[PDB]
Structures are given as C-alpha cells and as structure tokens.
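Participant: Pasting an experimental structure with its sequence.
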Amino acid sequence: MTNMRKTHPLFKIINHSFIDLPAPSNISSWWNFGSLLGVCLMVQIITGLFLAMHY
Amino acid sequence: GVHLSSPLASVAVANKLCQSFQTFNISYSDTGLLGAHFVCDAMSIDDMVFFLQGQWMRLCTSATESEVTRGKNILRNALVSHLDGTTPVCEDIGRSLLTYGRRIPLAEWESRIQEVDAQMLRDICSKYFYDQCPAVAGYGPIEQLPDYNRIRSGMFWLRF
Amino acid sequence: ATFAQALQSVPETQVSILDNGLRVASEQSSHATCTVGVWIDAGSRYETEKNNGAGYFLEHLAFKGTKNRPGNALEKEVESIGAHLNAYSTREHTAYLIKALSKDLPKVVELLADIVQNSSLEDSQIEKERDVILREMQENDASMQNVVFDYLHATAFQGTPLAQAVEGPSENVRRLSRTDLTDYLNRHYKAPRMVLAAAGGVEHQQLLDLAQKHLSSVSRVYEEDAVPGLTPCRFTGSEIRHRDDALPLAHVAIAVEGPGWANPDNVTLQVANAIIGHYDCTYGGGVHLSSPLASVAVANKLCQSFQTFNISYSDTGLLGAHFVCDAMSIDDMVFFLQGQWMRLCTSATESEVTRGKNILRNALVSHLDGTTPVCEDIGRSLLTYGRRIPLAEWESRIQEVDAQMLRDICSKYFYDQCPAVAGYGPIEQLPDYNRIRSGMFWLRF
Amino acid sequence: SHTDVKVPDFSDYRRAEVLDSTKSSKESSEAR
Amino acid sequence: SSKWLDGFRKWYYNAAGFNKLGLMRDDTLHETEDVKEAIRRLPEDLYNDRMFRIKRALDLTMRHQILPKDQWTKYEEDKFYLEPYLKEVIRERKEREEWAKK
Amino acid sequence: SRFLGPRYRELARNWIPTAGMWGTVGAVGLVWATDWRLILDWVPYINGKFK
Amino acid sequence: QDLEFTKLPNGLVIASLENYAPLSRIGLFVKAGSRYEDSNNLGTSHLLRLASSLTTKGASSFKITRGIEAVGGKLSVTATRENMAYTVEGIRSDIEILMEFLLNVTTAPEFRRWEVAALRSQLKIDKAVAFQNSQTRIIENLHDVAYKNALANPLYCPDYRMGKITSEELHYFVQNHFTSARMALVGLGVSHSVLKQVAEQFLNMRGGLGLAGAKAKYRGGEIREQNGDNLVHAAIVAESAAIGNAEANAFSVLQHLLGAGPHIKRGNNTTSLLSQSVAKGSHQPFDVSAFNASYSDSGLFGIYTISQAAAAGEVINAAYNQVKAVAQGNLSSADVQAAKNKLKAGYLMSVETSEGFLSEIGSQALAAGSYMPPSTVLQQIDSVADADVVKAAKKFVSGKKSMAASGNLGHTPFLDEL
Amino acid sequence: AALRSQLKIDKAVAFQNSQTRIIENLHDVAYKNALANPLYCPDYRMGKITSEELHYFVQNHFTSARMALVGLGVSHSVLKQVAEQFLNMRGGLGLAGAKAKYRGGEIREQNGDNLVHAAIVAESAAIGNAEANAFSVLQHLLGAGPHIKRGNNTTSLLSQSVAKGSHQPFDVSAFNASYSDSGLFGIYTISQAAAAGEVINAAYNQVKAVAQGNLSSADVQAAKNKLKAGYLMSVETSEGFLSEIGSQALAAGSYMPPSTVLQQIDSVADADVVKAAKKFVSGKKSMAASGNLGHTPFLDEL
Amino acid sequence: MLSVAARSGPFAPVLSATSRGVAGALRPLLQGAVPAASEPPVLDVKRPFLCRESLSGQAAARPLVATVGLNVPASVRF
Amino acid sequence: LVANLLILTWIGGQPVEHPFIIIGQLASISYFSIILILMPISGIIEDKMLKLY
C-alpha cells in the first residue's frame, strides 16, 4: 500500500503546490486576490470562448 | 520483516516509516482512551498517521473474516499467556473485583471471543472510530504532524 | 638583505665534465651531511614495448648485489656507515641517491659507481624480484590516484612510448629475462646520459677526483653505433573511464598538452597552477581560502580534494587538475574547475597574479630547502635543461610574469583545447567529452 | 593490474594529420 | 533637547505597533543575509525567545488582536540583542568587500 | 561602491573589447535583419540589390 | 651567522639565527600538549590545534587566511603529547605581518561559539583521516593502556567529546597553559632585535608559571582490537627513561641497534637484529622495528611488529627473543658502533632541514633553555657504552609490559605467554 | 544481506543501556577465548557474515547430541514422533570448544556518562558445583537486587556499606555468572563520577570483611531464603519453567526436582561462603569500567 | 637530539600530529579523504537515573540473555 | 499615493480643461515624487527614528 496523493506524479505536484503547501497562518483577506485573479481568468476564458463561439 | 501479517506493520517495514507503534485500550469507569501511539522520525509522521487511519477505516468499512479469526486467535493467546503466572493472576483478580465486581473466567472470555465475528466488529469499529473527534498528543519534532482538521478528514472517508 | 640579495647569497653549483662525458655537479652548503646521486636518462620513453619494465627491474635489482659486493654486502656496508639509499624511476629519468655524512663521501661515491656500472643479475634474484614487482603492482592498483595518472598518461600519449607506465604490464614482467635487462643496461647507461650530483657538505674538487677514480669510462660505447633518438610524442585529446561503482570515492583527472621542460612558459603555467591551487579536507582554511575553487568546494561541500599539476617531459607535458570527490559532485567540480581555468584565460587580475607569484616563490624556495631536494634539482636540471638555473634567474622569470602575460599564456594552453580525461570509480555523473570540451570554451570569451 | 590497460588502435578513425604518432600535434589542431 | 526627542521617540514607539504584539525592534528587522547570519550567531535562549515572540505575533495577527496593555513591551525594556551580532556581521562583510576591491 | 575599485576597474578594462565586439555583432545583426538603408547604402556589394 | 639565545624575565626564551635564508621561518613553542588535559576537557588540544585560523583580538579569520595566502607564507601547528608548535614561513619582506598574525593567534584568540561549532565537524574529519593509518591507532591505544592520567590522553578528540568542547574550555586551556614561562620564540632568517621587539609588544599580558600538569603514571596491560585485517599490528613496550638522560641516549642506541626503520628502498634490513631474527624462521612478509618514545616525564621502549594473521605469534616471539638475547648479552661492539653511526646520521639528517632544525631549537629551548650544539650531541652518543645498552635492554625485559594489538588476533599471543 | 542491517539495529538497541556494554567488555577482558566472543556481532563483522558461514555453524553445532526437545502441554508420544521425524539426520557430538581460558585485566571506556558503571570480577566455579552453589548464596548475601520498590536494601551488605559513607545516588550489587567450564563472581557499581572510587572501595572492603569472616548465620539463612525464593519464582512462570528444564536437560541430561535444588541450597554451609569470598579476594581480577573515569581507581589501586 | 622527530625516525608523524591552518605553497603526499562514513541510527534516548530509588536494580547481577522474536520486542536480561 | 491614483482616475474621467490641467499635472508630479523620492526618504528617517544607524 502506498500514499497515492504524494506518490502519483501529477497528484504529488498538485499536493506539493496546493494541498500540503506550508502557508503563513496569519495572511488576511488581501491574500485571496491571487486566487480571485485566477478564477477571474478562468471565468474570462469560458465566457469569451462562448462569445467567440457566437462572434 | 515486510511479511508481517499486520498491514500497518508491513507498510511500516516496507517504507521505513516509524521506529515503532502500538495500540492501546485503557478503560476507566464508563470511559477510556482507545487508539494508537507511535514513535517515528520527523519526516514520517504524516505518512504514519495516514496509514494508521487508513487501517482503522479499513477495519471500519471492509472487515475480513480470515483476519478477524487471526485477531481472535491472537487475543486468546494474549489473555492466556498474560494469565500464566501467579502475580498476573493476582493482578487480574484485583482488577476484576474492583471493576466488574467479579472475576470473569477464561471460559467466559473465550465465549465472548467466539461470539465476536466480522459483522459486529465492523459495527463496533464504525461506532467508536468512524467520524469521531480524536485526542491527539504530540511531543518532539512534530512539525510534519498534520493539522487537527486533516486528522478529522482522515477520520471520515469519502468512499463509504 | 632582501629576497634578491638572499637568492644571490645562495651558492652556485659547480659543473664539470669527465673524459667520457659524465656530468659531475655539486652544491656546497654548511651542512654536516651530504647526498650524492646518479641520474640516468632512461625510462618508459626509451623502453620499446618489448622491454617495457626493464628500468623498473633494474631499479629493483640494483641494490640486491653487485659483482664486487655479492649478496647483501652492499646493504651491510651502507647500513654500517649509516647512509640512506633510495632510487626512483619516472618516464624519463632514473635516480640512485645516497644520503650520508660528509666524511663518507669516497665510500658513497664508490658504492654508487658499483651500483651503476657493475650490477650482478642472478636468475634467482630475477625470479624473486619478479614476484616482488607482481606484489608491488597489486599494491599499486590498490592505490587509486596512481591508477588515474597512469590512465591519463595512456589516453593522452596513446600510440607513443609515453603511454606505457614505469612498471610495464604484468605479461612483460613475467616474460622478460636477464638478457633483455642486460641489453637495456648496455643501451641506456652510457656516460653522456649520467649526472653525478652532490649537495651539502661536499667539496667539488673531491667529488671530481672521486668521479675520475670510479665513474671513469663507465660505458662510453653503444656497442652498435646506433644512438637511440627520442622522437616527439603525439598528444591526443581523449577520455578513459574505468567505472567501478563499488569504490567509495571517484578520482577524475583532466589535463591538456604542456609546453615541455625547455619552454619559458612553465613559470607562467606554474603561477596559474598556484592561483588555482590544491585543497583537501585536512585544511583548516575554511571558506576564507583565497583560491575560488577551494572556496567554492568548502562552501558547497563538493569535493574531498583537488590539486593542480604541471608534469613536464622532453618537449611535452600534462598540465591540469585532479580531484577526489563523491559521485554526486563530479559535474559541479568539472564545471567550477573549467570556470576557474577560463577566468584565468580571460580576466585574470593583478591581485591573484601577485598572490600566485608569491606562492610560487615560497614553493620554489621551500622545495629547494634541503640537501636531498637540492641534489634532485641539480640532477634533474642537468638532465633536462642542460644547466642548473639559479633561484635568481627563477625569480627574474617570476617578476617577468604579470597579468597580461598570464592570461595570454593561459589562453594559448587552455582555451578551446581538446583535453585528456581519466576517470576512475563511480564516475557516472562525470560529463562526456562533448560537455567537457564545451566547458573548455566560453560563449562570451 | 591497471597498467595492462592499453588504449586500442584508433587509426581507422583518426584524421589524416593525427595518424602519425611520431609527429606532434598543435601544428594541425588549429587547422582541424 | 534630548528629553523632547526621547518623548517623541516614545510616541513613535507607541504609534509603530509592534510593541502591542510583544515584538521587539530586532524581532521586526527584515531577514537579509546579514540578518540571517546574526540569527544563526545568536545563542540558544535568545533564539528560542525570538522565535516564540514571532510565533505569538503571528497568532495575534491571525486572530486580528493584540496583547493586553499590561503585556505590551515597553520602550525602556526593548532589548537590543541583535545589535552587536549584526554590527560584527556588517564589519566582516565590509572587510571582505574591501579585500575584494583591493 | 561595490563595483568601484581598482580590481573591478581593470576587470572592466579587460571586458571593454569583448563587450564592444558584442555590440558590433548586435549592430551588424540589427542592420542585416532590418535591411537598414542608412547603413546598407554605403557597403559596396549590398548597394546593388536596392538599385 | 650563529644561533643566539635570550631569556626575557617573564620566563620567555627567544632564539634567533640570521642565516640570510630566502625564507624567514619563525615558530612559537608552547608546553600545552594533550598531557595537560584531564577527564573533563579531553580534545581541547585537538580543537586548539585545528583552531589556528579563527578570529583573533587584532585580526579576523578572513584577514589571517587571506593575508598569509596573499604573502604566500604558511601557518602550521605541529602538536605532540608534550608540546605545540605554531610555525609561520614566508619571505623576509612579509615576516613582520607574519609575526603579527602568529602572535595574535598564539596570544589573543577570540574563540567564538559559532566558529568552534563549525570546527567540530572538521575535527571529526581530521580524526578519521588520521586513523586511516592503523599505526596511529595502535600507538594511541598503546599510550592509553600504558599510562594512567597524563600521557594517556590521546592526540585526537574522543567521539563522545565531539560536540561538547566549549569556547569556555578552550579559553581556560589557553589562559592556563599558553603562558610566557612555558613558551619559546624561535626564528630563522630573522633578526634578534625585531624578534625581541615583537615578543615584547605581544607578550606583555601573561607572565605566570601556568597550570602544573600531573605526573604520568604507568599501568601496563594489553588491549586488542579485532578487526579482521590480513596484517596484525602489535606494539609491546615497557617504561623507559625520560628525555634528556644518558640512559635515554642508551635507549636510543638500543633502538637503532634493534632496527629503527629502513635505509635501503625495498631492502631486506640485513643489519637489523630484529629483522634477522624474524627472517631466520619466517617466509611470509613482515615488518619489525624498535619503537622509542621519550617525554620529559617518562619513556616507552618496545617492539612494533606488522605481520600476517597466522604468523603473528612466531614474529612476536622471534622479536621478543632477540631483545631477550640482547639483554642477556648477545651483541657485538661492531654492531654497537654501527648503531651509533646510524643514530648520528639520523640526528644530523633531522637537523639538516629547516623544519627539523627549527623544531630542535624550539624543543631544546622549552626543555633546557640553552642551545646544545650538534657536536656535543654527537659526543654524548659516542660516550654511550655497550653496557648501558645491555642495562636498557634488561630494563625493558624486566619491566612490566603494555601491549596494543589489532587485526585478526586468533593467533596473536597475550602478555602472560610471551 | 537484507538481514545484516537489522543486525546493526539490534546491536544498537541492545547497547542503549550501559550494562550490556559493561558485561560484554567484562567477558572480553576476562577470557582469552571461548567466552570472550561478544554476544552481539562486531561492527567489522557486520556486512561480512555469509551464508556458507551460517551453514558451517549450523552443520557443526546444531546436531542431535547437542540438542534437547522439551515441551509443556504436549504428549510425550507426539514429541517422540516429531523428534524421530525431524531430528534423525544430524551427525553427533560436533565441535568441542576451546575450554575458555582466563586472562584477567581491565578496560576503561570514557564516554562522558553522568554515571560510572564499574564491574570487578574474578574466576569462580562452573555449573554443577557446590562451590557454585556457595557463590550463589554469597551473591544473595552481598545483594543481588532489590526486594522492595524504592527500598533502602537493609539486608544488602554492600548497599549498607556504601550508604554508610555516601550521600549520592548509587546502586551496588553482586554479579554472578557461571557457565559449563568457568565462572565470574564480583561486584557491580553504578555511582557518581566523583564518588566512584569511594563506592568501589567500600564495596571491595565489604567483600574483604566477608572473606575475613565478618558474617552471621542469621544473614546466611536470610540469603538462603532469598535464593530459594528467587529460584522458585523463576520456575513459577511456564516460560521460566521451560527454560529451567531445558537448561537442565542440556547441562546434566536429567531433571533435578526443585525440592532437590532447595535441599542442596540448604546444604550450602557458611564456611563455603567464606571460602568463595576468599577465592574472589585472592583471585586475579577482570575490570570493565565506563563513564567519566577521572576518579575511578585502577586494579592495582584496589 | 631532544625532539620527537630526532628520536623516533619512522614514528615521527605517528607520535606527532600536524595540521596546517593555512594551506602552504607546497602540498604533501597522501592528501587523504574520508570514504563517506555512515551514521549510527537515530534511536530513542533512555531515561536517566537522577535518584537512588530509581537507580536501584540497574546493577547487573546475572549473565546476559538476548531474546528476539517474530512479533515480540527484543529484550536484554542481566 | 492611493489617493493620488484615485485623483488620476478622476482626472482621466473629465476632459482636459481648467482646472483639470493643473490638477492632473500636480497629481502626476506628486505621484512620481511619492513613489520615487518620498518613500525611501521616509524609510530612512523611520529607521533613524527607530535608532538603526
């Protein structure tokens, strides 16, 4: 038996980047804006993909 | 070695994770502490926690009749080899008359062990282990010891 | 009294020539002891692949008994007078030297002459010493840096008489007999290829008189009127790898073609080798070492040791470095050593130039302190240069070396040149020849 | 022993100016 | 005079805010290479005290709170513990730079 | 003042010819890539193609 | 010119010989060997020997290393169980700052905690490199089993003491043993005037007698290290005279009579009595010699044998029986004269190099305070008689033994069946 | 090859406590051969023990004449069948041994422990001797361990003698170890670094007083009662009973009842105890010491 | 002849320990290098004995017994 | 600085007239002066006030 999360290569990259990442415990709401920018980029990609589907 | 019948011990030998681990069931008047204590290095605490919790939930969800028979034989050997000796016999007499109010005989213990099967093991393990808030005590280089929320997330499974 | 005045106060060496052409030289000092040695132009460069170990057998068998002193009588006389008798053989030179007191000079000279010209080679001694060289070659391959130096010589001078080692192969050791040894003795032990060098409390007139007494008409005749010529040896850039992963450490030597004995650029290359330097784990310098390669090595825990060498033979040589390091740092040491070499090639600065000059001055004087190294320098200097270069002349050349000269000579001998690589041990991470050469140039000069 | 290691013949791979082992290099390395 | 400057320094020390978290000036110094050398040159007890003060400050900032006014560190009791180690590290670095320049 | 000193001055003096030759390389590459008239109508051969 | 001595009234000895050598060469000799530690500060001498390039009160570690390597000189520490020597070498032009660095290192060390904490790993590396040779292991085990308190302290720090040597212990050792009455300043190629001036203005702070070390006590016995090597090393010694004695000279003559190393490369050692006695009945390779180590408290004389695992008993018994025959009186005056000539040649060949001459003057200045010329030493060696050699061999035979053995000790004999 | 790492780990765990290393060193300096071989593999032999060496050891020492098959809770007939089915293909008496010659001497291991462990022993009787029984009675007279948790060891002569002139944590006892051909009797002291000499000298003086004859018959009877009780609680556990009957089957070849064992223990006299103490006093000494040995005395200083 | 080098010929660098704190201009023969020595295993520390009551019983009184097992911890009996 | 960025957004709002000429010019000059000159000088005097050199 092995730990698949930190054994599988893509899974261990995801785990070391986003899951088991040691983050500072005291970062305020100002540190949410990087993920907000990423989510905004994904939303823009999807919405503009549909706009170019009909544009 | 790696060919140990205990899967936690087998994976501990295979991945060289912990120095040692043991399981305890300490009982007091309508209460107790039931769980596992392990000594490991600073770079294997999360792996040992993950594997021990995975074995606990394998017992909770998918219990096997052959391994339950193995554990019953182990437990019978444990009680009788403990009760071999006058001072453990006297110790068990004192504990039995102070706790149960009577001395539970070896025949009664064997009858209860024979009553134990895989289904009620699954039910009791699901009652006491599954989705229960644990008590965690760490001493030493315990930086890799996971967060309490991660320990709770190990205490429930998303496949069951 | 400054450095130049002290160097002038170092006494001069008197050189004289006998009737047969043997060169007798001496340096007189205030020491109560002396050392006297015979240097012979003989070795692996003269051995012709059929008598490949002949000089090594003669070095073994010179002290085992002569015609005048059979058996162990020579050892008894030397140990009775209290002398230390030593011998060695490089690829070009063979030396038999005696360290003794000043009053034992006639006996030392007579014993040296008896060793040189009247060696007795009995077949029982041939067989016993054949076993002795077999055991010593086993112990030599037990040592690890000698293996790498032999591999570097073989892969750098392959197809030429400088590829073969001093000992020669084991099959040659087993098959060559007394006739081949006597042929080598009667070919390469002529009078014009011998220097009787003395250092210490020795009088030049007494040494000359004793040379006329004993070392007169040593051979003087080739017996075939066929003088062997020393042809040039072709240097080829190449790479030899003896991979054996069970060994604990890895030995890697990287060298290029050197100028030779007679070139004046040896001073500049020695200055550059002093700038790069040497290091091992015993040194307590730490991170504050002046040499950038050793500073990087102690900062990154890269190597166990490294050294820079400049080996010279007749119009050829090996100029480079050799390092002992773990299997997980060979690429880093090759990269850093090549970077230091090309930093000297391109942007060597005056501060490290004068640091290397001071290091070279201290190294030369520290080596030439002592009767045995003084005699070794006298014999080697007469065999190679034809004269004994004084320390004043060495210092004049050192002062002639400056930064622009150093970078010019380093660009001539290092920049964009094909090297010779000899790896031994766990050398998997040791880069291939293409990457080593690509490190042996820069894309920005 | 390590001295028994002989680098084999490369004359079927060497260049024309490098074939002669008696003739030295560095007057043809620039040309190559 | 010096008294007015000391009073205005006290007012700035209150206005800075790291005294409310139990920190010190050497605790709130930014970790450059020289500063990291100073922390590695610190003794064991001062290292443990500094790391615990930093941990408590991080916990207080996470909870968006401060220490009680009793437990605020005072301007007179602000120990300058990293100052000699930092000065020695700067002196050694300046010596190294001068030797590299010459 | 880290880069101001005699050793750095003479290192810079060694690196002036190489940096100048690299600047010449970049300038010649820029003219060749852009087909610059203001330079390329002075060399003898390349004058032919512009007519 | 000639060597000249002075004694500065704080107890210091200043030695100078202006021979106009191209390299000035100055050593400072301290009676601060490993014998001056006790059970609570073992390895302080090792860390002090490896701590010669640290920050000092007047020069940083970076300044010391970069200045010495910039002027091309060298700084080395040569330490034995009695003494330590701090030696600087360099051109006469840079000898002023070389003396400045040397006296700063020897007199005013900062001994910071982080620097010695970095030096501890280098200490472990140095111990492992030194024990790559089994001779050092055998000799230190021999000292440990032979002595009780003073000279039983090893030259290298113990593995348990690695990590627990403190800057306080180093400071205590330096302040208690680096004292002017226990130091000598020797220079070659330097002027006596400038040597006196630098000694005066770097040696005006410590002037006591220093901490008096305990007298060495003999215990004897055997210790064996089973390590399965093909070659068995065995040193069998006994208590001998202290250094500076006519009986010590007799012990040295006996050592060179029995064989004290090889004179001919790949020789047979045909005049060494131990080599002859072993070779009379041994066909496998061996190496037998006489070991002699004298210190101002006491001495150790015995036999060192490297042999095969199977032939170790024969080699040891043959060497011991040869020494017993010498003690009984089986020796010749020609052999004694050859031993004397070998000893004189070895002493003069030690003197003839600058390192050996500097060490000789430093040790003589420490032990006696007055220079003893080589001619008088040769005269004393000539004045050693054969009866004194017989007495020394009888002393070694009768005295109780210390054995240090290592190898495949299945056939190595013990002390009680020797 | 995979097991030799476990061999290293097992030796490290065994050498966690200092008593194992002390008594291994004690046997090493007490014997020339055949008992000075360490119970754990040496570090140089780690990585070099081979399958053919294991096979040679098994085929030379695992024979039928050097074996005893004991069983509690099984039928003698079934044990006979399994013995005749598995154990008829072994040779005979096998290799003899090397008689375990004595050497004496000492070693001292300075390792900077807070406590100094010192064992000083001498040659004694082997298994099967009334002298060995006297040595066991002498060991229980001198103190072979505590009978009371956190006790003062009132009847322990060495504990009383050390506590008479010390005020530091200490633990002194009598060490007895008999074998097929030789024995070791002596004193084991765990003391402070500064008081190690006083503790060892007090223990040795107590044993010398016992050898001179400063002992009472009541204390001898108490020692015999302690020995009888210790033997009976050793036989009490079924594992200990199996070990005892198997050791008796290997050594004597016949089973001696516990009544006979207590009878011979009672047959031990006090003059035999005095003779055993005199033998330990006059015998050559083997000393193993470890700790901070700045004040631990040597063997000639005792 | 009052020196260790002048008295012990071949035993001079064995009786003497030389370390160059600053590397010289000339390197010596046999530079030396450790062959990457291994480490003892990281293992639990035993409790100390700071009182006589806990110290009592720690003195060995019986010969060694080494017990190993398939699933029982290895024990050392004194 | 944030307030000046708000002023600059506003001035980009209304067209280029009076007094938006001088308001935008002073806003840009103050923006560059704060982000280049004023902040490091404030940091320097802040370190001096905290007694760092």
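Facilitator: That came through, no problem. Numbers count the residues shown, from 1 in each chain, chains lettered A, B, ... in the order given.
Participant: Give me the nearest residue to whichever residue of chain E sits closest to chain D, chain neighbours excluded.
Facilitator: Closest contact between chain E and chain D, by Cβ to the nearest Cβ, is at residue E:100 (36.9 Å). Every C-beta, even on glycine, is put in place using the N, C-alpha and C of the backbone. Nearest non-adjacent residue to residue E:100, counting by Cβ to Cβ, 6 or more residues apart in numbering or on different chains: residue F:7, 7.1 Å away.
Participant: So what pairs up with the residue nearest to residue G:3 when sequence neighbours are not counted in the strands?
Facilitator: Closest residue to residue G:3 apart from its sequence neighbours, by Cβ to Cβ, 6+ apart: residue G:17 at 4.5 Å. Partner residues in beta bridges with residue G:17, using DSSP bridges, are residue G:188.
Participant: ok, residue G:17 - contacts?
Facilitator: G:1-4, G:187-189, G:361 (Cβ atoms under 8 Å, 6 or more residues apart in numbering or on different chains).
Participant: thought the residue of chain E closest to chain D was touching residue F:6?
Facilitator: No: contact criterion Cβ atoms under 8 Å: residue E:100 and residue F:6 do not qualify, at 11.0 Å.
Participant: Touching both of these two, which residues are there?
Facilitator: In contact with both residue E:100 and residue F:6: no residue, using Cβ under 8 Å, 6+ apart.
Participant: still on that earlier bit, now the buried members of the contacts of residue G:17.
Facilitator: The neighbour-count criterion (16 or more other Cβ atoms under 10 Å in any protein chain shown) marks G:3, G:187-189, G:361 among these as buried.
Participant: Chain B: which of those is nearest?
Facilitator: Nearest to chain B out of these is residue G:187 (Cβ to the nearest Cβ; 54.9 Å).
Participant: you'd agree the closest one is up against residue G:193?
Facilitator: No: when contacts are counted by Cβ under 8 Å, residue G:187 is not listed as touching residue G:193 (11.0 Å).
Participant: on that earlier part again, what distance do you get for the residue of chain E closest to chain D to residue C:351?
Facilitator: 9 Å (Cβ to Cβ, to the nearest Å).
Participant: Looking at those two now, which is surrounded by more residues?
Facilitator: Neighbour count, other Cβ atoms under 10 Å in any protein chain shown: between residue E:100 and residue C:351, residue C:351 has more, with 18 against 13.
Participant: ok, that one - contacts?
Facilitator: So residue C:351 contacts E:102, F:7, G:70 (Cβ under 8 Å, 6+ apart).
Participant: Of these, select the buried ones using a ChimeraX command.
Facilitator: Under the burial definition 16+ other Cβ under 10 Å, those of those that qualify are selected in ChimeraX by:
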select /G:70
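Participant: Tabulate the contacts of residue C:351 in CSV, adding columns for distance to residue C:127 and secondary structure.
Facilitator: Listed next are those as CSV, based on distance: Cβ to Cβ, whole Å; DSSP: H, G, I helix; E, B strand; the rest coil:
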residue, distance to residue C:127, secondary structure
E:102, 66, coil
F:7, 64, helix
G:70, 57, helix
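Participant: and residue 46, what helix or strand is that in?
Facilitator: Going with chain A. Assessed by DSSP states H and E, residue A:46 sits inside helix A:33-53.
Participant: Correction: the question concerned chain J.
Facilitator: Per DSSP H and E: residue J:46 is located in helix J:39-49.
Participant: Could you list the residues in contact with that helix?
Facilitator: Under the criterion Cβ under 8 Å, 6+ apart, residues E:9, E:12, J:53 lie in contact with helix J:39-49.
Participant: How about the contacts made by the second one?
Facilitator: Going by Cβ under 8 Å, 6+ apart, residue E:12 touches J:49-50.
Participant: measure it to chain I for me?
Facilitator: 49 Å (Cβ to the nearest Cβ, to the nearest Å).
Participant: mind listing what residue G:218 touches?
Facilitator: With contact set as Cβ under 8 Å, 6+ apart, residue G:218 has these partners: G:146-148, G:239, G:298, G:400.
Participant: Then residue I:9?
Facilitator: G:260-261, G:346.
Participant: how about the residue lying closest to it once chain neighbours are set aside, what does it touch?
Facilitator: Among residues not flanking residue I:9 along the chain, residue G:261 sits closest, at 4.7 Å (Cβ to Cβ, 6+ apart). Residues near residue G:261 by Cβ under 8 Å, 6+ apart: G:289, I:9-10.
Participant: helix/strand/coil for the residue most central in space within chain B?
Facilitator: Centroid-nearest residue in chain B, with Cα atoms, centre = their mean: residue B:23, separated by 4.3 Å. Look at residue B:23: counting by DSSP: H, G, I helix; E, B strand; the rest coil, its state is strand.
Participant: For it, give the beta-bridge partners.
Facilitator: residue B:36.
Participant: any idea how far it lies from chain C?
Facilitator: Distance from residue B:23 to chain C, by Cβ to the nearest Cβ: 41 Å.
Participant: With residue E:70 instead?
Facilitator: Taken as Cβ to the nearest Cβ, the span from residue E:70 to chain C is 47 Å.
Participant: how much space between that residue and chain I?
Facilitator: Taking Cβ to the nearest Cβ, one finds residue E:70 at 38 Å from chain I.
Participant: Residue B:67 too?
Facilitator: Going from residue B:67 to chain I by Cβ to the nearest Cβ gives 15 Å.
Participant: What is the subsequent helix or strand relative to the helix or strand containing that residue?
Facilitator: Secondary structure assigned from DSSP H and E places residue B:67 in helix B:65-82. Note on helix B:65-82: by DSSP H and E, the next helix or strand toward the C-terminus is helix B:86-99.
Participant: what's the angle between that next one and helix H:217-236?
Facilitator: Here the directions of helix B:86-99 and helix H:217-236 differ by 70 degrees (axes from the mean of the first three to the mean of the last three Cα atoms, to 10 degrees).
Participant: all strands for chain I, in order.
Facilitator: Applying DSSP state E to chain I gives strands spanning I:17-22, I:65-67, I:75-77.
Participant: Now render those as TSV, adding distance to chain B and mean neighbour count.
Facilitator: Converted to TSV, the strands of chain I look like this (distance: least, Cβ to the nearest Cβ, whole Å; neighbours: other Cβ atoms under 10 Å in any protein chain shown):
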stretch	distance to chain B	mean neighbour count
strand I:17-22	35	22
strand I:65-67	15	12
strand I:75-77	14	14
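Participant: Would you mind putting these into CSV with distance to chain G alongside?
Facilitator: What follows is these, written out as CSV (distance: least, Cβ to the nearest Cβ, whole Å):
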stretch, distance to chain G
strand I:17-22, 3
strand I:65-67, 20
strand I:75-77, 22
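Participant: could you dump these to a markdown table with distance to residue E:96?
Facilitator: Listed next are the strands of chain I as a markdown table, based on distance: least, Cβ to Cβ, whole Å:
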| stretch | distance to residue E:96 |
| --- | --- |
| strand I:17-22 | 17 |
| strand I:65-67 | 57 |
| strand I:75-77 | 55 |
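Participant: Assign a three-state SS to the closest residue to chain J within chain A, would you?
Facilitator: Proximity of chain A to chain J (Cβ to the nearest Cβ) peaks at residue A:30, 13.6 Å away. What three-state DSSP gives for residue A:30 is helix.
Participant: same deal with residue A:23?
Facilitator: coil.
Participant: Give me the distance between it and residue E:30.
Facilitator: For residue A:23 relative to residue E:30 (Cβ to Cβ), the value is 20 Å.
Participant: Would you mind telling me which of these two has the busier surroundings?
Facilitator: residue A:23 (9 against 5).
Participant: Appreciated, that's everything.
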